[PDB]
Chemist: 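Let me give you the structure first, and then I'll get to my questions.
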Amino acid sequence: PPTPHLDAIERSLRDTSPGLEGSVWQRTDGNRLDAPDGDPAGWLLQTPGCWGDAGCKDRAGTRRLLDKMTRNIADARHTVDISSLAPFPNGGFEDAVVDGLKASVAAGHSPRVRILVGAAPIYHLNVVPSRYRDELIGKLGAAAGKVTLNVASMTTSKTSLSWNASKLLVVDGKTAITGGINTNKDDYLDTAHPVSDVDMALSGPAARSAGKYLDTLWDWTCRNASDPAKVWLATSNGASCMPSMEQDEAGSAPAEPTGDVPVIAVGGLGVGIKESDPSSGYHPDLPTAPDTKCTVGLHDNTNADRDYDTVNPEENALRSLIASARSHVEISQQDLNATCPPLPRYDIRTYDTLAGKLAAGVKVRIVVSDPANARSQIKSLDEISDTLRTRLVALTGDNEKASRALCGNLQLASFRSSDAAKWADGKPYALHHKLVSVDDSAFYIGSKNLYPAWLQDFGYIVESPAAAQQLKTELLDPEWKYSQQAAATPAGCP
Ligand SMILES: O=P([O-])([O-])O[C@@H]1[C@H](O)[C@H](O)[C@@H](O)[C@H](O)[C@H]1O
């Protein structure tokens, strides 16, 4: 089966981060999208799952998600590997972790279990690793004895704002859940106004891909627990740190296929883990596009740092995915722009890639979280359409060439999930996707935001017309049906 989008992407990843192939990024064949029998699109795990309902009474999406996490951990034979933004899994996320582990222990297994959270230098951890570990041990009861725990919170750069934001649940290196959904009960489960988000479930070689990525982070985490300012670590039963748990489980055996889906796993190492890819010949000429709204105090890793690209292939992977679009691009994000300062306002290359698509007649849709949320980082969606216009002029010369590209090919709106502008409690809709879909053939579902950020993130890029059709039917088309009544007509357009 031809994967023309994956191929372009792979080309860029190999040119950017050749040494990181097979740890921080990897293409594999033979994957399956882990849908429950009789629910073929059930691999797409959206929360909360209430299109057409501003009241959101039946959070079916959220319970499919929690039940899929529970079931996947319940099936664990050897390893469970969890990462998220802080806090550690709480509320129903914790329940799914505990419940699954008890099942695994009942079926006679002794699972090893790693749990990694990123934390900003500003963020105060209420439940620190030793308290989290103790809490799980109590909740596990008699089964704790069979469960080897590694619990850790990490910050990799204080001055350059880098910590883990990957959101992974990998089991036995065989199944993986990932997306934008943090294990934070208060955004998703305990509220009259839940965040909207999406994860995907998968099984096969690409689950091992995620595993080796987490090994890369645990290698750094284990080594740097010698510096409590960066890492807080707690193990149970007197266990060592486990930097290579996914590798141990994999062994010499190559991962067995479980379906026919081609996938590119790709993440990034942020700042402070590795300076550069020593084997990389990446030699871009980086844009010089000083921005109206902002200058950066901090050194701009997004727009002006060759080395940062070499140890962060997800950045260029997202740029390649957009660049691969021959027909149309759908972007659904919390934000395109970052709040600047401190971070650069936007990723110049992304916007240039998008402007180039606008000028070639490729259709571009951008849905972002409602600016009535700053959970958002722009005052008005004109910020995005203005930026695209400046970059269009910077490309085509004259304005009404850009206006022809912009006004004819751009859909831009804030996210709605029902006909209601907001929820019952008056709070607006918060969108937390990190999703890109291209030509109804290839899509990214993961944790890497399109706005500038220097965290460790990870996600999957799938090339499957049948899966993208499902993605289009279950998420993109509904989103646009409701979000177009919050759409912007860019300034200077009919
Ligand atoms: O996208 P994410 O990594 O899960 O978390 C987001 C970022 O951490 C960002 O700092 C904040 O401004 C957003 O409000 C969060 O949603």
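All ligand and atom numbering here is 1-based and tracks the order in the structure. Computation of the quantities below employed the complete heavy-atom set of this structure, encompassing side-chain atoms and omitting hydrogens, waters and symmetry-equivalent molecules. One-based numbering along the sequence shown.
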Chemist: Go through ligand 1 atom by atom and flag the ones less than 4.0 Å from a non-hydrogen atom of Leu85.
Modeler: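 Here the atoms of ligand 1 in question are 2 (P), 3 (O), 4 (O), 5 (O), 8 (O).
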
Chemist: Determine all donor-acceptor pairs shorter than 3.5 Å in which one atom belongs to a side chain in residues 174-181; sequence neighbours excluded.
Modeler:
| unit_1 | atom_1 | unit_2 | atom_2 | d |
| --- | --- | --- | --- | --- |
| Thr178 | OG1 | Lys167 | O | 2.4 |

Chemist: Does the plane of the ring in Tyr429 sit parallel, tilted or perpendicular to the ring in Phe415? Use 30° and 60° as the thresholds.
Modeler: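 Answer is perpendicular, since the angle exceeds 60°.
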
Chemist: Within the structure, does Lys167 bring an N/O atom to less than 3.5 angstrom of an N/O atom in ligand 1?
Modeler: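 Right, the criterion is met.
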
Chemist: Under 4.0 Å from a heavy atom of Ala165: which atoms of ligand 1 are those, numbered in the order shown and with their elements?
Modeler: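 Answer, ordered by atom number: 3 (O).
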
Chemist: Run the numbers for me: atoms of ligand 1, each under 4.0 Å from some heavy atom of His432, listed by number.
Modeler: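 Those qualifying, in numeric order: 1 (O), 2 (P), 4 (O), 5 (O), 16 (O).
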
Chemist: Can I get a per-line list of side-chain donor-acceptor pairs under 3.5 Å for residues 111-121, giving both atom names and the distance, sequence neighbours left out?
Modeler:
| unit_1 | atom_1 | unit_2 | atom_2 | d |
| --- | --- | --- | --- | --- |
| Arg114 | NE | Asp81 | OD1 | 2.9 |
| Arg114 | NH1 | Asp215 | OD1 | 3.1 |
| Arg114 | NH1 | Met242 | O | 2.9 |
| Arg114 | NH2 | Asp81 | OD1 | 3.4 |
| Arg114 | NH2 | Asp81 | OD2 | 2.7 |
| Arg114 | NH2 | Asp215 | OD1 | 2.9 |

Chemist: What I'd like to find out is whether the side chain of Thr221 reaches to under 4.5 Å of the side chain of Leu233, using heavy atoms alone.
Modeler: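 Counting from C-beta outward, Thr221 and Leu233 never come under 4.5 Å.
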
Chemist: Mind checking whether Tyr451 contacts ligand 1 via backbone (N, CA, C, O), side chain (CB onward), both or neither, at a 4.0 Å heavy-atom cut-off?
Modeler: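 For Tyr451, only side-chain atoms sit under 4.0 Å from ligand 1.
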
Chemist: Give yes if a backbone or side-chain nitrogen or oxygen of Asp457 is under 3.5 Å from a nitrogen or oxygen of ligand 1, and no if not.
Modeler: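 There is no such contact.
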
Chemist: So which atom in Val367 and which in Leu431 form the shortest heavy-atom distance, rounded to 0.1 Å?
Modeler: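 Looks like O-CD2, 4.1 Å.
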
Chemist: Considering both backbone and side-chain atoms of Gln334, is one of its nitrogen or oxygen atoms within less than 3.5 Å of a nitrogen or oxygen in ligand 1?
Modeler: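 Indeed, backbone or side chain, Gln334 has an N or O that close.
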
Chemist: Would you mind telling me which of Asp291, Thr390, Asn337 makes a side chain to side chain donor-acceptor pair (under 3.5 Å) with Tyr351?
Modeler: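 Only one option passes, and that is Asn337.
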
Chemist: Pick one of side chain, backbone, both or neither for how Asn449 approaches ligand 1, counting any non-hydrogen atom pair under 4.0 Å.
Modeler: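 Looking at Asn449 and ligand 1, just side chain atoms fall under 4.0 Å.
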
Chemist: Under 4.0 Å from a heavy atom of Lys434: give me the atoms of ligand 1 that qualify, with their elements.
Modeler: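 The list of qualifying atoms is 1 (O).
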
Chemist: May I ask you to test the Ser332-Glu479 pair for a side-chain heavy-atom distance under 4.5 Å?
Modeler: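 Sidechains of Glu479 and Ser332: in contact.
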
